[PDB]
Amino acid sequence: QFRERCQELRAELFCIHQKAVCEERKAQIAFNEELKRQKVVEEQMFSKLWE
Amino acid sequence: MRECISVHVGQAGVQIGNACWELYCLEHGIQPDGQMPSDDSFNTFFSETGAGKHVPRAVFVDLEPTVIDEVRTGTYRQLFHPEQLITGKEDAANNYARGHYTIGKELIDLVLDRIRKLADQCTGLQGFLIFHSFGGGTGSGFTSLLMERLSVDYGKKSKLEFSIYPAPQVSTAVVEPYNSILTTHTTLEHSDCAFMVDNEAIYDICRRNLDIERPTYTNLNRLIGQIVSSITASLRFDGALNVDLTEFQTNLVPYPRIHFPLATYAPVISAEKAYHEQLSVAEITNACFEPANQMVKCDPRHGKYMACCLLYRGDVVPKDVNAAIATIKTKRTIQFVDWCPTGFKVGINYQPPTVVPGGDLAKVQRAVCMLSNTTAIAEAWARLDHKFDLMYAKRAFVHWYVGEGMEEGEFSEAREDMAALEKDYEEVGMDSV
Amino acid sequence: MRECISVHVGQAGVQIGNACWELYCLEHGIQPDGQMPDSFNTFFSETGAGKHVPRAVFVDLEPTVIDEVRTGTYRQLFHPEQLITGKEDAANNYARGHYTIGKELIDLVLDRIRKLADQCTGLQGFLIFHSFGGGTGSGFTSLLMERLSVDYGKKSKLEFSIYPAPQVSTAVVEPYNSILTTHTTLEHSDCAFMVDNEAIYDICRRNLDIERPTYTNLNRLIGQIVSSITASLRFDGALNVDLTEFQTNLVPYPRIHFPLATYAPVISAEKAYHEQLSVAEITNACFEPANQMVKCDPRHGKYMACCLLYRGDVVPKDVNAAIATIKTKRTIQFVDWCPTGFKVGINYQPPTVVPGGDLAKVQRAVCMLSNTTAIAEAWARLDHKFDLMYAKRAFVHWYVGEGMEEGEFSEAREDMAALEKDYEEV
Amino acid sequence: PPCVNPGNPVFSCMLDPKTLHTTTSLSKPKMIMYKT
Amino acid sequence: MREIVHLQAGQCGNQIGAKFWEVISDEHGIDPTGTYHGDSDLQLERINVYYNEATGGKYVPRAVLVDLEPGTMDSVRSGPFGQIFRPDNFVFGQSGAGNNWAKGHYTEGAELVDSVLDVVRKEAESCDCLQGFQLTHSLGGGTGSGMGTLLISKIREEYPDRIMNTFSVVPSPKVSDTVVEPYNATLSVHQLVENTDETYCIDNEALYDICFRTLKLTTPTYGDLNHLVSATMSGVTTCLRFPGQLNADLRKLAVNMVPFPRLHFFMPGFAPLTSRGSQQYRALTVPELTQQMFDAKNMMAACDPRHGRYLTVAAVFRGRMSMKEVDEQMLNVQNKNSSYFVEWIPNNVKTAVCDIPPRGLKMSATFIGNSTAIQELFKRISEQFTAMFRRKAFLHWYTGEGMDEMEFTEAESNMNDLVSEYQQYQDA
Amino acid sequence: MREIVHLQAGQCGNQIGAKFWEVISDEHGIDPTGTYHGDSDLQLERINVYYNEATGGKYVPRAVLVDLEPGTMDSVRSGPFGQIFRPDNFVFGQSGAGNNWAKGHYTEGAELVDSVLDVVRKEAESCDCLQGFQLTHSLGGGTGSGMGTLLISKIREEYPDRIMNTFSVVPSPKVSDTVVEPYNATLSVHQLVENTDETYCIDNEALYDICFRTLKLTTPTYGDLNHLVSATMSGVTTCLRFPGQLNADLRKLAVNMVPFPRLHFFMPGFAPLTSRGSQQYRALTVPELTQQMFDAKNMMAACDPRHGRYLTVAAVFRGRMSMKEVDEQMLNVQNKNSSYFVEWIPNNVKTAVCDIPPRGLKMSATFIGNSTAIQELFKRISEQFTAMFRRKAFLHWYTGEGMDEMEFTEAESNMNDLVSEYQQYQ
Ligand SMILES: Nc1nc2c(ncn2[C@@H]2O[C@H](COP(=O)(O)OP(=O)(O)OP(=O)(O)O)[C@@H](O)[C@H]2O)c(=O)[nH]1
Ligand SMILES: Nc1nc2c(ncn2[C@@H]2O[C@H](COP(=O)(O)OP(=O)(O)OP(=O)(O)O)[C@@H](O)[C@H]2O)c(=O)[nH]1
Ligand SMILES: Nc1nc2c(ncn2[C@@H]2O[C@H](COP(=O)(O)OP(=O)(O)O)[C@@H](O)[C@H]2O)c(=O)[nH]1
Ligand SMILES: Nc1nc2c(ncn2[C@@H]2O[C@H](COP(=O)(O)OP(=O)(O)O)[C@@H](O)[C@H]2O)c(=O)[nH]1
Ligand SMILES: [Mg+2]
Ligand SMILES: [Mg+2]
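Residue numbers (PDB author numbering), protein chains in the order written: chain 2S, 156 to 206; chain GG, 1 to 38, 46 to 440; chain FG, 1 to 37, 47 to 435; chain 4Y, 25 to 60; chain GF, 1 to 428; chain FF, 1 to 426.
Below, the structure is given as structure tokens:
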């Protein structure tokens, strides 16, 4: 709680949260890429039902 | 040991609360049925029973049984107390006089009975937190009776409402200007603060800031979910500098009749776009005063800011925000009013925001919630007052309102009430030498 | 902290920009993902991770040219917000880009320049690239810079204005857009450079030996010119020279902001075996009028001022025999009020080898930036071509029917008439 | 009969909409025709 | 928990509702005996709206069928979905009327409506909270218009503050089907303005013009027409049956879009209509649907809207669609066509969103619209009435057994008063 | 992204456009069932310029098939790719025109335009930001010329800015297809001069002259004749669908095409078109194209450029080729043939280079010839007009429909005025 403001709060807390923010976002880029696959197969389901 | 009671009324109000209450459960780690997966942060929006069950502090009321059923039989079945989650008898059907006189009257006694049974379990109560609309009958007329009864039953409790304003250009209801004028007699002296969230913000912020096209209301309500979680988190999560609810009221509001702030959630960015830039305190504060990011369709350059309240979340250092405020004060374009030279707050919370599954927001190191009081919301009524008097001039759609018991003269009484409120923003925008 | 915004408007802007941002990645060590496989403060603005989005605002009014830039290999590199797209072309017409499809997009791109300018705290100037061909590169930029001059202004408006060729052209209203943008360049441009690309059409098969050269070849060689003048900022040097230090040593009077540049060691691989690269020799060879990219003959155009970049293994003693050799050779033209008129640009770092690009691994990249009176000859022929149409008013109707007015053509004459006289009376 | 009158001017649903179902890795399998 | 009561009259109203009870049965998954062969839990939660329970599983309709001629009374029962109705609900006269408005209103009308009023109060007593009443009939015949009139004449006596939606087949613009349709219409319209809360007009060859140009089917029977009008019928009453982010039941669908308590004559219409030949060629999205929603060729009334001005319109939407772009494009309808909309109501369009579409369609919509263009029907049918009343033609079957000509005179005056009020509110 | 819609009118027009829609589908990789089959992404790219997306990957040829005869409609719809056309865009009538220009203009012409402009509006509202309109027709054919004449006088008031083109088949300077042509040609070209922004004159005979020697084909049936005009159409619009280094769309063309807003009748032409016995030798490269662009035998309209002067000739190229090999092989032209070239416009050349070629050929170009000499083809049909008109040969069919001889003189006077302006500007 005092070496935070020369050190550990930076480069051990900010650069590790940022390390999370990088890898954590990759799930959202993977999860949303699955929900876009929902719509594109739903349209196949609405194409064969329209057919 | 301090807590905030919420009430959500109207179809608009109940579904923006479903986005509010999905976020409350995913913030504190609470399952959709009530029990903790296995603190005191629950005791602001959640009551802890003998088991792990966390009954929500809200009461959802609406006169349409249709919209209340899908939350009665949805995935939040076991969460809500089934007698809290109260239904109606018949639709208010887009009529102020219906929701105020004839069909909303048989629900006041049961709603106020549940607010009493909820406020006595309360021990350190700060104030109410209202959720309604301006368009429909039960979003406007039924909440009017609520402000009528809560002002006399409680009094000194500070109530806040997150209203959804009628949009200036698009609109979905024909007689909703009538409903957005008569409600103003009961949101002026019966409401302590009134947040306005128009359907023109996420109309285009979800298009330009977020790369997703064609948004719908389940994406509209998440941004309204994020802001309320940002405001109450100072009551709820620890910080280097916290802003209580009563802290927030007396500071942002100048005058007893001027309590109509704007809103802005700055770090609204998509997942595929967020890693393309760093989100600093100075950048996310400069991106929040921009006229393409406010929550109401009104240009802030026409008006002058009275006082702005800023709530930061997560990883924010309290020197960069002071550098951000000084950098954004020295620009000439954002002009403040002369009689309030400071015009600013800061508020720090340690916990970063959560993102719901399926959401288009990307989670951030830091999130700022800018809550600005402007006199540019004077012309928020200008495109509604001209919207009003054109319909009123030839007695269009008046026979329904006077047919339900409402007197004709109460239309013009609300007309002059808003005309006086517009005069107040012309009075405060004049400099004194 | 010595940074620059590389604005790229029109087609020939961003086509140079891609060839620019290719070699900009190599020298700063940046993959097309923006990450490393600070010299990159000047460009490649810092982000949260090891990614670096380029300091640029890629503006186009036509959907297509910016699109393969967008879906190219630099898709991660080139940030979508700085990748401004348009829908309607300017029809190679100054009037359309400046008025009709002007204020339509000028609001977004001023915001987009400003957004990166917030990160750009202590910046040097704006690297704006445009042709004299059409309203995307002629009219929109004239609207852009005058907006950029009234907002920022003091920042260097150093402009890579691609000039129309003395004989060839893509257009026929090429003299129109040129004679309009050149006179608007006079009121709002700090150190506007000149890219004629007609001697580029010649030295390609001489110094590069690329027979059948294509647009790419040109832009790559132009991008090396932008690199050498700015490598002083990003990298280090014994006499490295700032962008402010270029302009207020080179431009003598405010209407003389039109020098000519050329790469000196343009030697490619097949000659590079037989070439003795010695710093004094190449800059001596640089002055030879067949090599300057601007076609207008410097051999008669008096050397009013002259700057000399010195990139690579350049030695301070060896650049003084370079000055002396040019001095004793009196047949090379000189001005009569600057005795020396030189600016030495020592830069330790050697030029990059673009992948596949024919510029060989020459150890040194001496360059040269001389303000000559020769540019009046390039103006006169451009002025002459405009007169032939404007004598009997051909093609004016497209222009005047798209937000413009016939007096602007006439006033473009008078402002051009002042412009040759700036480069004649001195 | 999947529908009531095969060949309506408006529309005739000649597919059992029970088999019409999509899901996410982390979601429940819900049907398409029926929806909220 | 609220419900609407269906009730049909005449040969037209019997056939229209018989197809309507057949087009909502598959929507709620009901076989032709009454059992629930469905696949969704939100198909049975609002079954109390348009159905009611019996001794386990069996869902019986709540419609009363008054029909003065029994020759089309057995037609509905003998159909595929005719066993679903309870038989004692059926009420019929021994002898037909003969297409007299007065004979179905005065002399044998009163012999039956005591029983018809008896069976509607029997069913409405059992309902928990009644929301409205529903009628389908035609103006051009005595058993439909006259019997429908006498029902409405005293149902407002006992249910004053309950809404009424009636789907009335307005008589034919071009080629007429009975020679006394000017007389039957002008007394029905006189009695359809003061008591009905909300009405629909159904031009007969607007259905024929749809089935020729839009649907392009060579041999259309009445079953194809009856299915098309009933698709609009189901689209009206969907929001109080299925959830949504913005729903509009019948009470909301009327009291915010009738400006004045006597102007309630609307333009119905179903949005997604495609031929066989052009069905793979049409995309399914909101912007293409609205270009089919608002055009004159895809309308349920033959009178164009280009000769008048829209006062209020309503467009209920069914299915997931992002309706933020619905508000975007519908504004583009407002801006592109401003002279066809009244300027004294800047907010002319209305939305409603239903969460589920009709079964199998990706998304669907129903058009409700009030216009001053209704005048070109009423101003002519007044001219048809005046061209036949002044010559004392076809009158002794009305005057000779029922009312005098004073009721005929005040029927013309009430029409001509309605003629003047639409004109004076066309420009405001 | 900018898009156009076809407006094929008459038997002449519907056959050309369908063969054009044939070639467009082949280059974009589309089948008669509309499903995409292109082996890359460039065949899609901007598919909205011609094709509207439907369910199942289907692409409808955005085009309304206006006519007055069921027989032409039957032939096009029953063609190999006839299925892909939308049946709602098959608006047609039954009463024929009889090759009378009036009958296709007022009796059933003016009774079907309301329906056609309704489905013209259908395409326009559906597309987002359109670029213009395209309309194939003849000059001497009554429903082709006449109905097309009334469309271009109706869509132009509906959509002025969208530059609308006609590939009008100008009548023969020899063997006549009907007897009615000088009447129908003169009347329509009286409106062609003041309706369309760029009219493409098409002579059947000079188009035969291609199949005479350039293709040296033995018996050319109308199939490749339509294919021949379709080749020029595809390459004109190449900068709107296909990536290109010098992307000059029709918007970039027309402002360099028309020097005064009366002159827009410029003869088109394709360029690497050769024969079966000459493909074995011919080398696909830039200079051997310019051989066969600027030849006086590749013109689609007859009106040979020996009897006129090149106002602002242009050629839109296709395929991967040098841009310094084009510049030279397009300036060497002017420097040589200097007479045709009008010295008034110093460099009357549009180098419009597209990156990707037509599929099945490497080095391509579409030369739109802006020679003056089109007025001789106009004075030819003026004499054929007045020789028939002054004697009052057969006009009671016209004057009975209200088409009196007064407007016949106006048509002759305005086109003889159009003869004068082309002749004065040379
Ligand atoms: N934010 C939001 N708005 C909605 C939602 N659903 C509908 N709306 C729109 O918001 C506007 C205001 O809604 P309300 O005033 O609450 O309408 P209402 O309560 O259903 O009207 P009544 O129940 O008849 O009193 C309406 O015109 C709707 O179009 C929703 O779920 N969220
Ligand atoms: N691409 C490119 N163009 C050059 C180059 N050198 C000169 N030019 C000329 O610069 C002009 C660039 O066009 P722009 O400035 O973008 O204006 P434009 O003609 O409207 O081009 P578009 O935006 O594509 O419509 C072309 O006409 C070329 O003749 C070069 O090296 N590369
Ligand atoms: N769409 C439709 N119209 C009908 C049907 N049966 C009758 N009509 C119309 O009803 C009008 C007269 O019917 P009518 O004999 O009076 O039936 P009634 O009202 O039951 O006596 C005619 O114009 C018919 O077009 C039907 O099954 N479908
Ligand atoms: N490729 C092609 N050209 C045609 C065809 N039919 C006619 N033409 C040209 O059009 C001219 C006749 O035009 P016209 O009869 O007035 O056209 P119409 O109005 O549609 O009948 C002929 O001289 C031909 O040169 C065809 O089927 N294909
Ligand atoms: Mg409601
Ligand atoms: Mg371009």
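Virtual Cβ for every residue (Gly too), placed ideally from N, Cα, C.
The Cβ atoms of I137 (chain FG) and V9 (chain FG) sit closer than 8 Å to each other. Taken in chain order, the unbroken stretches of beta strand (DSSP E) that lie wholly in the stretch 313-383 of chain GF and span 3 residues or more are 351-354 and 364-371.
For the alpha helix (DSSP H) assignment, the uninterrupted runs of no fewer than 4 residues enclosed by the stretch 109-173 of chain GG are, from N- to C-terminal side, 115-126 and 144-160.
Cβ proximity to chain 4Y below 7 Å picks out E189, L190, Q193, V196, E197 and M200 from the stretch 187-202 of chain 2S. When C-beta distances to chain FF are compared with 7 Å, every residue of the stretch 296-320 of chain GF stays at or above that value. Within the same chain, and ignoring the five residues on either side of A54 (chain GF) in sequence, the residues whose Cβ sits closer than 6 Å to its Cβ are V60. For the set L139 (chain FF), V76 (chain FF), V175 (chain FF) and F389 (chain FF), the Cα lying nearest the Cα of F265 (chain FF) is the one of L139 (chain FF). Among the residues of the stretch 398-427 of chain FG, those with a Cβ less than 9 Å away from any Cβ of chain FF are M398, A400, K401, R402, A403, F404, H406, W407, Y408, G410 and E411, in the order of the chain.
Around the beta carbon of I188 (chain FG), a 10 Å sphere encloses 16 or more other beta carbons of the protein chains shown; the residue is thus reported as buried.
The beta carbons of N247 (chain FF) and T73 (chain FG) sit about 6 Å from each other, so the pair counts as a contact at 8 Å.
Secondary structure note for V177 (chain GG): it is in no alpha helix (DSSP H), with a DSSP letter that is neither H nor E. The Cβ of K362 (chain GF) sits closer than 8 Å to at least one Cβ of chain 2S.
At a cut-off of 8 Å, the C-beta of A124 (chain GF) has no neighbouring C-beta in chain GG.
The beta carbon of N204 (chain FF) sits closer than 6 Å to those of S172, all from its chain and outside the five residues before and after it, given in chain order. Beta-bridge partners of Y319 (chain FG) (DSSP): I355 (chain FG). Under the 10 Å beta carbon count, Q423 (chain GF) is surrounded by fewer than 16 other beta carbons and is classified as exposed.
In this structure, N99 (chain FF) and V181 (chain FG) do not form a Cβ contact; the two beta carbons are roughly 39 Å apart against a cut-off of 8 Å.
Taking a C-beta cut-off of 9 Å against chain GG, none of the residues of the stretch 343-371 of chain FG qualify.
Here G17 (chain GG) really is in contact with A65 (chain GG); their C-beta atoms are around 6 Å apart, less than 8 Å. Here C200 (chain FG) really is in contact with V260 (chain FG); their C-beta atoms are around 6 Å apart, less than 8 Å.
For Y310 (chain GF), the three-state secondary structure derived from DSSP is strand. For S168 (chain GF), the three-state secondary structure derived from DSSP is strand. Note that the C-beta distance between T136 (chain GF) and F85 (chain GF) is not below 8 Å. With a cutoff of 7 Å, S178 (chain FG) counts as near ligand 2, since its C-beta is closer than that to a heavy atom of the ligand.
Look at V363 (chain GG): its beta carbon is at least 7 Å from all of the heavy atoms in ligand 6. Taking a C-beta cut-off of 8 Å against chain GG, the contacting residues of the stretch 120-149 of chain GF are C129 and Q131, listed in chain order.
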